[PDB]
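Provided below as structure tokens are two forms of one protein chain, presented individually as structure 1 and structure 2.
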Structure 1
């Protein structure tokens, strides 16, 4: 067996197909896959056709030979995600474009990395329509399952799938291939989020065209995304604003990790402002622990940030952790003694503590 291809794609002439994935009725993103037609032409072609649905209705199932609407029925964190049972949706059905089952074509490639596309089966020469995507190397499957493609965009969507809540191995939420098909050469990738916001960047920075070491370009992307987050903020859509600010932090994280210390420092102002904005949104939604956690993140960038101390004390008040709230506001006041909002909030918390202690000790 041969190591699986490191380049993405392995071969410019290999077909590319995609899955748009929904979880609990919400679009999570697109996964783009390379199919290894240069090595397993028959297995690749089966999967390609099931992405387009072009072969029509399966004779043995009487259902469309097509992945659209098909759930991921079996998911095991830190192993794989399995789907493709378009007829029974539970691992007992599906069929191939060649008949109910077809032969193991070859076992050329090793299951030696995450992101590999491989045929599910019930033993030798029992390939149908079901597949899995690995999320780790799975060499124990070598020689038993035909490896026939790899993820080339959207591994991060596959990572979200792998981490869904499950009962046994069945997702609690419906995880489905909402749309699917084949990308022709010259077709747009279609991997920006389909959320009407005008965002032209992939949700995961490793999928973006930009070198993550190019901090100046990452800064301009971050500003673009932050701006879109603010568009949502100004329309009170706290959830979507947080989504965009959070995406700025993914780009910032990837870049700071790839770049040198001093280059990465350039991104801190924009990261700080997005973490603060997220804390603001979480307070708007009464997510007290979420706010507290985001404020910490801010103080980990700027330990003297009075905005973050003030908001953290508000999050602590929601949790009814008034000692924590008092301490944060006292520290904020020391830094910013002229801040009237902080003066007033300290009085308010002191009154809350007294009232709480009075209620706890009062007796008829």
Structure 2
């Protein structure tokens, strides 16, 4: 059991798949997932195929072997998001592409952070189609659930999902995979908002292909966004206008968090070390003068 990969993705050959998420009939956005085929190929392939639907009808359930239209039936804030029961939509169903249940391939990765994709199960070797996305480190699960991918785009969408109203652990509004599938190398991420607004920027700035600390570029994006908002404003589409306006604020906040983090991670340490060395240097010099004092004294 090892730390999950930090790079997004961990490996460019690994499958990239997606979920377009709707809540209360509202399109929230896209989650893009990397599947760790390199580590758990058999677990990755089952999930990958369940994203395309390409295997057709499932023999033990009679439903399509597909996550399309599959709701998230169990959500616990500060823990995880669970879905994949496309046959019973309540955690008792679903099925793999190999038969109902296949074995725990391995437990090579730890649930060491948010955004990890892991197999739900009902004990050893009961993997089906059900899965969860963690929203925090979930170490108690290690060795009991196979981790087999991670979020690489749209964690902000996972965040919104994490926060829906629930009754018990069942979401009050319907939380569903409106669409899903696999991305070809080079396809577009499909993470700009599918709203016809001409807005090409990802819903969350951390997903954009831009150095967020580059202030001039963020203002270009912000100006675009604000123009789009003004257009909605001109069309009396206030809610859509507020959406766009709110999005530049997200981009401005992302830029600031980016600058701050990088500073704390990279410059603060080296500045700390320099001040430490200076204090050392100050001792050396006071010592050399103490020594010289006595002498010439």
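C-alpha atoms forming the largest set that superposes within 1.5 Å between two forms make up the rigid core. Residue numbers count along the first chain shown, from 1.
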{"item": "Residue among 115, 93, 264, 205 whose Cα moves 2 Å or more between structures 1 and 2, once the rigid core is superposed", "value": "264"}
{"item": "C-alpha of residue 289 moved at least 2 Å between structures 1 and 2 on rigid core", "value": "yes"}
{"item": "Rigid core superposition, residue 230 Cα moves 2 angstroms or more between structures 1 and 2", "value": "no"}
{"item": "C-alpha of residue 274 off by 2 Å or more between structures 1 and 2 on rigid core", "value": "yes"}
{"item": "Core-fitted comparison between structures 1 and 2 - CA shift at residue 255, Å", "value": "1.1"}
